[PDB]
């Protein structure tokens, strides 16, 4: 039920002729539907952007995650070692650079995962709700039948500004109008409240998921930084000096 709404009725219904009042609703509810289309399209594009970005990243990862495999192929491709020599080459060529490279990929994966969760939420919790704005609001389908019926009443009344086809209609139309307009306005305000709350929730849902994305990416960024700062060229130098002194390169 909607008898708690009286603001619009007292401000608009009461202060206008029937026709102006029905025009006010017409324009306002049309803008409602048009505005939802705008929010939907904007966010459908943002989710798509994040979606494509996540796909591009997924691909970059797949192509760069196995550094051992990448280096072996390069050596054979560049004739650094023959296929034969390669199959017998058990030297630890990457040393400490293995974890450095791997640390970068991990961050990329950590990003991929967070980004995915992000646009997933945009799809289901934001874009979806913004998509269904007239097909979901039952009070909408309802007020449209009433609005139409009363809009023709208000037009009749507006038409009879002097005298026409037995003004007995100008009386019936006004009677119908006075009988249902209060209810039309209760719906009118209810719909406006709901689309407004819908938008606020969708936007906050947007901010929260975006905010979560950032928070998790920040954590990952912090640890990655720690590892990078811990890497020491000197360490790899010593590590290679020792490993090489033990391996026969002929």
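Numbering follows the first chain given and starts at 1.
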Practice prompt. Return whichever of 217-225 and 33-41 has the greater mean Cα B factor according to the PDB record.
Written response: 217-225
Fill in: Average Cα temperature factor in the PDB entry - higher stretch of 120-128, 154-162
154-162
Fill in: Residue selected from 94, 104, 112, 75 by maximal Cα B factor
112
Worksheet item: Which third of the chain holds residue 170 when residues are ordered by C-alpha B factor: lowest, middle or highest?
Response: highest
Worksheet item: Is the Cα B-factor recorded for residue 134 in the lowest, middle or highest third of its chain?
Response: highest
Worksheet, complete the sentence: Of the three thirds of Cα B-factor ranks in this chain, residue 52 occupies the highest
Fill in: Third assignment of residue 100 from its chain's C-alpha B-factors
lowest
Response to the item:
Split the chain's modelled residues into thirds by Cα B-factor; residue 86 lands in the middle
